[PDB]
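Quick look at model-v8.cif (mmCIF, C-alpha atoms):
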```cif
data_data
#
loop_
_atom_site.group_PDB
_atom_site.id
_atom_site.type_symbol
_atom_site.label_atom_id
_atom_site.label_comp_id
_atom_site.auth_asym_id
_atom_site.auth_seq_id
_atom_site.Cartn_x
_atom_site.Cartn_y
_atom_site.Cartn_z
ATOM 1 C CA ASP R 3 0.000 0.000 0.000
ATOM 2 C CA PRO R 4 1.826 3.086 -1.296
ATOM 3 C CA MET R 5 0.065 5.644 0.909
ATOM 4 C CA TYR R 6 1.083 3.692 4.026
ATOM 5 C CA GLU R 7 4.690 3.245 2.900
ATOM 6 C CA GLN R 8 5.037 6.943 2.063
ATOM 7 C CA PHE R 9 3.870 7.954 5.526
ATOM 8 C CA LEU R 10 6.113 5.324 7.124
ATOM 9 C CA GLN R 11 9.155 6.701 5.313
ATOM 10 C CA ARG R 12 8.395 10.245 6.466
ATOM 11 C CA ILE R 13 7.802 9.051 10.021
ATOM 12 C CA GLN R 14 11.048 7.152 10.220
ATOM 13 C CA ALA R 15 12.930 10.100 8.691
ATOM 14 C CA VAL R 16 11.344 12.852 10.790
ATOM 15 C CA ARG R 17 13.427 14.188 13.675
ATOM 16 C CA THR R 18 11.484 17.090 15.188
ATOM 17 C CA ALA R 19 7.999 17.612 16.572
ATOM 18 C CA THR R 20 7.341 20.663 14.401
ATOM 19 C CA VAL R 21 7.960 18.785 11.151
ATOM 20 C CA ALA R 22 6.080 15.769 12.565
ATOM 21 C CA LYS R 23 2.980 17.928 13.059
ATOM 22 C CA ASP R 24 2.780 18.266 9.264
ATOM 23 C CA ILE R 25 2.862 14.470 8.902
ATOM 24 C CA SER R 26 0.054 14.108 11.440
ATOM 25 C CA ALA R 27 -1.982 16.714 9.550
ATOM 26 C CA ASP R 28 -1.446 14.777 6.319
ATOM 27 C CA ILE R 29 -2.383 11.470 7.944
ATOM 28 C CA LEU R 30 -5.652 12.935 9.198
ATOM 29 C CA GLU R 31 -6.420 14.293 5.735
ATOM 30 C CA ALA R 32 -5.671 10.922 4.134
ATOM 31 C CA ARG R 33 -8.013 9.269 6.651
ATOM 32 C CA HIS R 34 -10.726 11.808 5.763
ATOM 33 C CA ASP R 35 -10.221 11.106 2.037
ATOM 34 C CA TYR R 36 -10.183 7.344 2.548
ATOM 35 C CA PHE R 37 -13.550 7.485 4.296
ATOM 36 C CA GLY R 38 -14.989 9.754 1.600
ATOM 37 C CA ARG R 39 -13.836 7.353 -1.117
ATOM 38 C CA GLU R 40 -15.335 4.338 0.650
ATOM 39 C CA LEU R 41 -18.577 6.145 1.413
ATOM 40 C CA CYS R 42 -18.990 7.280 -2.182
ATOM 41 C CA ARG R 43 -18.212 3.836 -3.589
ATOM 42 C CA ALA R 44 -20.701 2.176 -1.224
ATOM 43 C CA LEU R 45 -23.435 4.659 -2.154
ATOM 44 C CA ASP R 46 -22.504 4.670 -5.870
ATOM 45 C CA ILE R 47 -22.091 8.450 -5.893
ATOM 46 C CA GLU R 48 -19.227 10.281 -7.561
ATOM 47 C CA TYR R 49 -16.133 10.841 -5.403
ATOM 48 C CA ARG R 50 -14.661 14.331 -5.673
ATOM 49 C CA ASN R 51 -11.886 15.835 -3.551
ATOM 50 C CA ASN R 52 -12.855 19.493 -2.992
ATOM 51 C CA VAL R 53 -14.754 21.268 -5.758
ATOM 52 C CA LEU R 54 -15.029 25.040 -6.004
ATOM 53 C CA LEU R 55 -18.530 26.326 -5.310
ATOM 54 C CA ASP R 56 -18.439 28.102 -8.703
ATOM 55 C CA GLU R 57 -17.877 24.709 -10.362
ATOM 56 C CA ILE R 58 -20.820 23.189 -8.493
ATOM 57 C CA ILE R 59 -23.160 26.023 -9.605
ATOM 58 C CA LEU R 60 -22.110 25.628 -13.258
ATOM 59 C CA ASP R 61 -22.550 21.838 -13.158
ATOM 60 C CA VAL R 62 -26.117 22.061 -11.872
ATOM 61 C CA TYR R 63 -27.139 25.340 -13.568
ATOM 62 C CA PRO R 64 -24.877 25.867 -16.588
ATOM 63 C CA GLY R 65 -27.177 28.644 -17.816
ATOM 64 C CA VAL R 66 -26.820 30.721 -14.656
ATOM 65 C CA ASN R 67 -25.795 34.360 -15.141
ATOM 66 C CA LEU R 68 -22.723 33.767 -13.009
ATOM 67 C CA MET R 69 -21.341 37.319 -13.290
ATOM 68 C CA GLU R 70 -24.362 38.733 -11.427
ATOM 69 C CA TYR R 71 -23.589 36.867 -8.171
ATOM 70 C CA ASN R 72 -20.882 37.166 -5.538
ATOM 71 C CA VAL R 73 -19.870 33.519 -5.088
ATOM 72 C CA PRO R 74 -17.662 32.872 -2.016
ATOM 73 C CA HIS R 75 -14.549 30.883 -3.091
ATOM 74 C CA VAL R 76 -15.298 27.945 -0.743
ATOM 75 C CA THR R 77 -14.380 24.350 -1.685
ATOM 76 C CA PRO R 78 -16.670 21.731 -0.125
ATOM 77 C CA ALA R 79 -15.666 18.086 -0.303
ATOM 78 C CA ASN R 80 -18.380 16.913 -2.637
ATOM 79 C CA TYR R 81 -21.978 17.370 -3.690
ATOM 80 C CA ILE R 82 -25.002 15.464 -4.949
ATOM 81 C CA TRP R 83 -27.399 17.039 -7.464
ATOM 82 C CA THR R 84 -30.763 15.254 -7.624
ATOM 83 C CA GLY R 85 -32.391 17.498 -10.271
ATOM 84 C CA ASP R 86 -34.432 19.357 -7.624
ATOM 85 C CA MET R 87 -32.016 19.819 -4.755
ATOM 86 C CA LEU R 88 -28.309 20.245 -4.220
ATOM 87 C CA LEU R 89 -26.784 18.386 -1.275
ATOM 88 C CA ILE R 90 -23.433 19.883 -0.267
ATOM 89 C CA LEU R 91 -21.351 17.065 1.193
ATOM 90 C CA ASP R 92 -18.449 16.721 3.592
ATOM 91 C CA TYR R 93 -17.177 13.811 5.634
ATOM 92 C CA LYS R 94 -15.483 13.632 9.016
ATOM 93 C CA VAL R 95 -13.588 10.926 10.873
ATOM 94 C CA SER R 96 -13.776 11.671 14.600
ATOM 95 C CA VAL R 97 -14.985 10.104 17.844
ATOM 96 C CA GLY R 98 -16.819 13.353 18.678
ATOM 97 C CA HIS R 99 -19.276 15.929 17.250
ATOM 98 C CA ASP R 100 -17.155 19.029 17.399
ATOM 99 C CA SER R 101 -15.404 19.153 14.011
ATOM 100 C CA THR R 102 -18.718 18.317 12.336
ATOM 101 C CA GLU R 103 -20.462 21.309 13.902
ATOM 102 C CA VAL R 104 -17.642 23.637 12.865
ATOM 103 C CA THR R 105 -17.803 22.596 9.231
ATOM 104 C CA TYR R 106 -21.606 22.464 9.108
ATOM 105 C CA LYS R 107 -21.744 26.060 10.325
ATOM 106 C CA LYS R 108 -19.010 27.224 7.956
ATOM 107 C CA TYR R 109 -20.740 25.646 4.949
ATOM 108 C CA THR R 110 -24.097 27.056 6.029
ATOM 109 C CA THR R 111 -22.690 30.585 6.338
ATOM 110 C CA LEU R 112 -20.767 30.634 3.060
ATOM 111 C CA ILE R 113 -22.827 28.488 0.651
ATOM 112 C CA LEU R 114 -26.524 28.795 1.419
ATOM 113 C CA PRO R 115 -27.049 32.583 0.970
ATOM 114 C CA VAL R 116 -25.758 32.708 -2.590
ATOM 115 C CA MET R 117 -27.500 29.469 -3.599
ATOM 116 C CA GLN R 118 -30.717 31.101 -2.358
ATOM 117 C CA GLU R 119 -30.003 34.178 -4.517
ATOM 118 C CA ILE R 120 -29.432 31.928 -7.531
ATOM 119 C CA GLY R 121 -32.525 29.884 -6.719
ATOM 120 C CA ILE R 122 -31.120 26.377 -6.171
ATOM 121 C CA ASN R 123 -32.580 24.579 -3.196
ATOM 122 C CA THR R 124 -29.524 23.586 -1.195
ATOM 123 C CA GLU R 125 -28.803 21.556 1.949
ATOM 124 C CA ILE R 126 -25.576 20.979 3.929
ATOM 125 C CA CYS R 127 -24.871 17.313 4.719
ATOM 126 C CA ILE R 128 -22.008 15.988 6.857
ATOM 127 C CA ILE R 129 -21.374 12.269 7.308
ATOM 128 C CA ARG R 130 -19.162 11.205 10.210
ATOM 129 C CA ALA R 131 -17.464 7.877 10.845
ATOM 130 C CA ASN R 132 -16.213 6.984 14.300
ATOM 131 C CA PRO R 133 -12.707 5.634 13.615
ATOM 132 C CA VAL R 134 -12.831 3.191 16.561
ATOM 133 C CA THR R 135 -16.376 1.806 16.265
ATOM 134 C CA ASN R 136 -16.967 2.390 12.505
ATOM 135 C CA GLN R 137 -20.432 3.733 13.317
ATOM 136 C CA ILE R 138 -21.847 6.359 10.951
ATOM 137 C CA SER R 139 -23.715 9.529 11.925
ATOM 138 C CA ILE R 140 -25.449 11.833 9.458
ATOM 139 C CA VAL R 141 -26.535 15.452 9.622
ATOM 140 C CA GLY R 142 -28.783 16.287 6.693
ATOM 141 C CA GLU R 143 -32.417 15.192 6.493
ATOM 142 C CA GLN R 144 -32.459 14.798 2.722
ATOM 143 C CA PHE R 145 -29.274 12.734 2.783
ATOM 144 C CA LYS R 146 -30.863 10.322 5.250
ATOM 145 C CA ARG R 147 -33.913 10.087 2.996
ATOM 146 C CA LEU R 148 -31.886 9.156 -0.085
ATOM 147 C CA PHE R 149 -29.590 6.664 1.678
ATOM 148 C CA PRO R 150 -31.374 5.083 4.658
ATOM 149 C CA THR R 151 -28.530 2.533 4.866
ATOM 150 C CA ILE R 152 -24.793 3.007 4.302
ATOM 151 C CA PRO R 153 -23.080 -0.301 3.448
ATOM 152 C CA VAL R 154 -19.504 0.894 3.944
ATOM 153 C CA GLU R 155 -16.738 -1.481 4.944
ATOM 154 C CA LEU R 156 -14.347 0.639 7.003
ATOM 155 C CA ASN R 157 -10.930 -0.221 8.450
ATOM 156 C CA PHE R 158 -8.964 2.688 9.911
ATOM 157 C CA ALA R 159 -6.277 0.520 11.547
ATOM 158 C CA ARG R 160 -3.433 1.643 9.256
ATOM 159 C CA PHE R 161 -4.050 5.307 10.129
ATOM 160 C CA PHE R 162 -3.994 4.641 13.871
ATOM 161 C CA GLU R 163 -0.819 2.580 13.549
ATOM 162 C CA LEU R 164 0.901 5.460 11.745
ATOM 163 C CA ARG R 165 -0.252 8.036 14.262
ATOM 164 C CA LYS R 166 0.846 5.763 17.097
ATOM 165 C CA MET R 167 4.375 5.653 15.643
ATOM 166 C CA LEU R 168 4.435 9.447 15.672
ATOM 167 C CA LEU R 169 3.135 9.556 19.240
ATOM 168 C CA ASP R 170 5.747 7.027 20.402
ATOM 169 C CA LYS R 171 8.563 8.842 18.607
ATOM 170 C CA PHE R 172 7.686 12.132 20.339
ATOM 171 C CA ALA R 173 6.333 10.864 23.659
ATOM 172 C CA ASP R 174 8.576 13.260 25.639
#
```

As a first step, turn the structure in this file into structure tokens.
Amino acid sequence: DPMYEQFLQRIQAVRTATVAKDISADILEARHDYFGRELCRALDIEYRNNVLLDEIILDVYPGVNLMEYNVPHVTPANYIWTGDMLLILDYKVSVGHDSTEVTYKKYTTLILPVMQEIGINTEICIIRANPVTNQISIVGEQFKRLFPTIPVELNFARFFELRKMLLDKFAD
């Protein structure tokens, strides 16, 4: 597994906590992306890794008069367009609620006002996996409606093992 081996090489090479904090950041992002990929495959929805909100608008409403709107330059993880409603998607891997609430509120603040101006009915959806228990939590009523079951097969062990190496290397 190349992703694992690349992290391992950085972890064995790293000598200082400050450089190691960048590795930890990257491991957490890779874990986020891994979950997003598995979720999307299980639901048979398209996996994207951060799309500009301008791109989303043009995909769903190519005929929009884009110049007339002030579109915040935000990049959500993904989206689903049903033909009537746009579900803005992000995923989290965390044992707690807190990072989900932060992102949900950020997406609500930056995305929903302009989508309302444009006239596209839009909802923020965040799907969270608990990395220890593999249980899934969803915020987003329409997302729950469309996918009442999520048949993901999750295994976060390789991410924990890598983070545990970093913790052990810098335990002092």

Once the PyMOL selection byres ((chain R and resi 149) around 12) is applied to the coordinates I shared, what remains selected? I want it as a compact mmCIF listing (two decimals) with C-alpha atoms, keeping the file's coordinate frame.
```txt
# COMPACT_ATOMS: atom_id res chain seq x y z
CA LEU R 41 -18.58 6.14 1.41
CA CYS R 42 -18.99 7.28 -2.18
CA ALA R 44 -20.70 2.18 -1.22
CA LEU R 45 -23.44 4.66 -2.15
CA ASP R 46 -22.50 4.67 -5.87
CA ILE R 47 -22.09 8.45 -5.89
CA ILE R 82 -25.00 15.46 -4.95
CA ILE R 129 -21.37 12.27 7.31
CA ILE R 140 -25.45 11.83 9.46
CA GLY R 142 -28.78 16.29 6.69
CA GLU R 143 -32.42 15.19 6.49
CA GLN R 144 -32.46 14.80 2.72
CA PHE R 145 -29.27 12.73 2.78
CA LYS R 146 -30.86 10.32 5.25
CA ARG R 147 -33.91 10.09 3.00
CA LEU R 148 -31.89 9.16 -0.08
CA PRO R 150 -31.37 5.08 4.66
CA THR R 151 -28.53 2.53 4.87
CA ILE R 152 -24.79 3.01 4.30
CA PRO R 153 -23.08 -0.30 3.45
CA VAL R 154 -19.50 0.89 3.94
```

Do you have, as a Markdown table, the list of residues of region 59-162 of chain R lying at most 10 Å from region 29-32 of chain R, each with its nearest atom pair and that distance in Å to one decimal, counting all atoms listed in the file and ordered by chain then number?
```
| residue | atom | partner | partner_atom | distance |
| --- | --- | --- | --- | --- |
| R:94 | CA | R:31 | CA | 9.7 |
| R:95 | CA | R:30 | CA | 8.4 |
| R:96 | CA | R:30 | CA | 9.8 |
| R:160 | CA | R:29 | CA | 10.0 |
| R:161 | CA | R:29 | CA | 6.7 |
| R:162 | CA | R:29 | CA | 9.2 |
```

Given all atoms listed in the file as the counted atoms, nearest of R:18, R:170, R:135, R:158 to residue 36 (chain R): R:158

Can you pull out the residues contacting residue 66 (chain R)? Cut-off 12 Å, using all atoms listed in the file, and skip same-chain residues under 6 positions away; I want them as a PyMOL selection string. chain R and resi 56-60+117+119-122

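The spacing separating CA of residue 22 (chain R) from CA of residue 4 (chain R) amounts to 19.3 Å.
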
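In this model, the gap between CA of residue 114 (chain R) and CA of residue 39 (chain R) comes to 25.0 Å.
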
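Minimum atom-to-atom distances from R:38, R:115, R:85, R:133 to residue 73 (chain R) were compared using all atoms listed in the file, and the lowest value belongs to R:115.
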